[PDB]
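Next comes just one chain, in structure tokens: the form deposited in one PDB entry.
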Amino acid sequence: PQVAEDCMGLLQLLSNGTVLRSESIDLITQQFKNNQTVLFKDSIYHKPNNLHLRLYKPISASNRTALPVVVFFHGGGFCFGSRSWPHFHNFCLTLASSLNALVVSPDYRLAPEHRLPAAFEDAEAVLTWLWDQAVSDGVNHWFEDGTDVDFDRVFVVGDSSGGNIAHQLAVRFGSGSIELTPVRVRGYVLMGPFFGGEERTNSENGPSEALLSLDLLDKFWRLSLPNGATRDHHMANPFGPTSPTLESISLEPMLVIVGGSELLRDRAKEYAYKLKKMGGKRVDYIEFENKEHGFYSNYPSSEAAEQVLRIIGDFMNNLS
């Protein structure tokens, strides 16, 4: 059937997004009366793969002080998503304005065309691109304006599959493997992190969500993990028999945020508490009762979404 080549090409066109030619400004309503302007523009960070990221600058506080960096990795189960998608663009406008930080929102290669670890390799290229900009006075060319950026205050915020990406970066940075001074990642925020495993948890065997189901999560892993791999692969299960030696590596402080009704609740809770009992690991586990996957971005202007942005801000303030 040729209708199969088309549904494949549909996935590519669906998450291809667009690239802005010039810088643009949007209005974002803060926690409909209080507004805020956020400057943003697209830049290429990997020329061979034609991968772009979006930089966000809150205009009001950028001229007041040096901004910390928030690298945001969007979700999509390693198969969907783009930094230009309005759902993710709106969340980054909220991230920049509420956290008073420069937001870096990069695209990354998607499965099944680019199976894992293609997404993790792209994430490291993002941080390496950030390092290249930091040491070369490149922030001054980021906009038609000066930009003061505190590269000693970098934070990685990962949504769903981006939360998995954030964990892989935290491991690679904490193991002394990659090292990008003066870029210093002080903390990691894992928001409903897309972790997997062959054996099911109780919440994974529970009722389906508004969008997520256990069958959909299985199809995500199967289409994104390499051919012939199981859900116990280290790229899916952080505690699989491949790279579970997290006791040795020095992990940065972490924040795990999930909804109480999430299918991925038990995996993230087990992930956080296995880390809390490892020595030298500061991990805060926060569970929002009766919420499903992506409540912080699926329902903005709701109380739960605003509390998440506050918790991330407090988490950033304490770490610096």
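We call the rigid core whatever largest set of C-alpha positions still superposes within 1.5 Å between the two forms. Only residues modelled in both forms are compared. So that there is no doubt, residue numbering starts at 1 and follows the sequence shown.
The next section is about a form of this same protein that is not shown, the form deposited in another entry.
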Handout entry: Displaced residue between this form and the one not shown, judged on C-alpha after the rigid core is fitted, out of 132, 152, 204, 247 (threshold 2 Å or more)
Key = 152
Problem - residue 300 C-alpha moves between this form and the one not shown by 2 Å or more, core aligned - result: no
Problem - Core-aligned CA displacement of residue 80 at least 2 Å between this form and the one not shown - result: no
Handout entry: Core superposition between this form and the one not shown, C-alpha change of residue 311 at least 2 Å
Key = no
Completion exercise
Quick read on residue 8 and residue 209 CA atoms in that other deposited form, 3 Å or more from the shown distance, and they're closer
Exercise for the section: Work out whether the Cα atoms of residue 108 and residue 138 come closer together or move farther apart in that other deposited form than they are in this form, the change being 3 angstroms or more. Expected result: farther
Completion exercise
Segments shifting between this form and the one not shown (at least 3 consecutive residues, Cα moved 2 Å or more after rigid core fit) are at 2-22, 34-37, 137-139, 143-147, 150-152
